[PDB]
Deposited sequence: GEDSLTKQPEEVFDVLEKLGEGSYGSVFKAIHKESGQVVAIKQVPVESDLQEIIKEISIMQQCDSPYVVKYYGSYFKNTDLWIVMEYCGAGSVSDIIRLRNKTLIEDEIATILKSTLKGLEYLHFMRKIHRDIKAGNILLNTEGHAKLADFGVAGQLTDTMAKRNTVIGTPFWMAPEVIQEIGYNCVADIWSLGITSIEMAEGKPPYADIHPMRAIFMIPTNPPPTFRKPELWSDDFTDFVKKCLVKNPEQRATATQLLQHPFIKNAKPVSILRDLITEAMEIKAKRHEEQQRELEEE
């Protein structure tokens, strides 16, 4: 337990910390006793059986004063939602394509290991200092036994796939719907229906037509078609992560270096208000 120097709360329940001897910066989540501890092991187990630079790594865990502290990989730039909040600016298409290419590679890896993240949103896509996006928060992630369906209506309402809500079976492409809602969230700062009660939105996601941009005239043909390919209400006709990595919006992404200015800006704003 005293092998880490726990520092400020990141952003919740995650803290910045330093592994005292190696000097390495880690992110530690504080989990209470009354939590569903079988679900916490399921969360840690999914993280352990993942080995990808596009998925947040698990380092270990410890008990302190009845709490379970889960040690994980620290991403210096924060979440894409933190960067949008910090700068008070939505993301331009060039930024969205680059971040979403890495997110799709994480999704591709997870789905190949027959796992559904179930909570894809800008808040759970984390960027490192270099600009590499990683999937984080496997607290609601489900495991598929074979090419099998899941029935748990779980996730966050505005980002949930219609078939998850409909209670019919669902597989890995439920995350592709969430990716589409997230792409709109990065472009507009909020997902569709964000200013409506989340239980009212849950009710209309399967009956309403697939969401589109609030101002479609500002976005390119590629970004609007990418979002259209993500938001297909019928999961059997929804594109997989492997296919979306070939879509022009993603195939044409610029390198991670184009994110340097937003990362520097967001980090400078975080540091300036800390003092």
Without any C-alpha position in the structure, which residue ranges of the deposited sequence would you list, numbering from 1?
1-9, 21-24, 161, 290-298
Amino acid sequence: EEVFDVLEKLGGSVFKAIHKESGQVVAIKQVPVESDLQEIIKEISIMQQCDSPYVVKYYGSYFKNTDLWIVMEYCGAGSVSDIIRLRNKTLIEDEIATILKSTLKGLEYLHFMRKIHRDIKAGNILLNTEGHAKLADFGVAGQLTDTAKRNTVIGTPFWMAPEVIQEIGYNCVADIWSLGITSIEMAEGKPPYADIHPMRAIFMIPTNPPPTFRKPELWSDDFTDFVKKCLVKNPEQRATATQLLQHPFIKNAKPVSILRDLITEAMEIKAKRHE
From here on, numbers count along this sequence of modelled residues.
Is the mean CA B factor in the deposited entry higher across 205-213 or across 24-32?
205-213
Per the PDB entry, mean CA B-factor is higher for 33-41 or 62-70, namely for 33-41
Highest CA temperature factor in the entry: which of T156, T98, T147, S183?
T147
For the listed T103, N128, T90, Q166, which has the peak Cα B-factor recorded in the PDB entry?
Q166
Grab the CA temperature factor for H132 from the record and place it in the lowest, middle or highest third of its chain.
middle
Compared with the other modelled residues in the chain, in which third is the CA B-factor of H19?
highest
In terms of the CA temperature factor given in the entry, to which third of its chain does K115 belong: lowest, middle or highest?
middle
Sorting the chain's CA B-factors, does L259 end up in the lowest, middle or highest third?
middle
Can you tell me which third, lowest, middle or highest, the CA B-factor of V55 falls into for its chain?
lowest
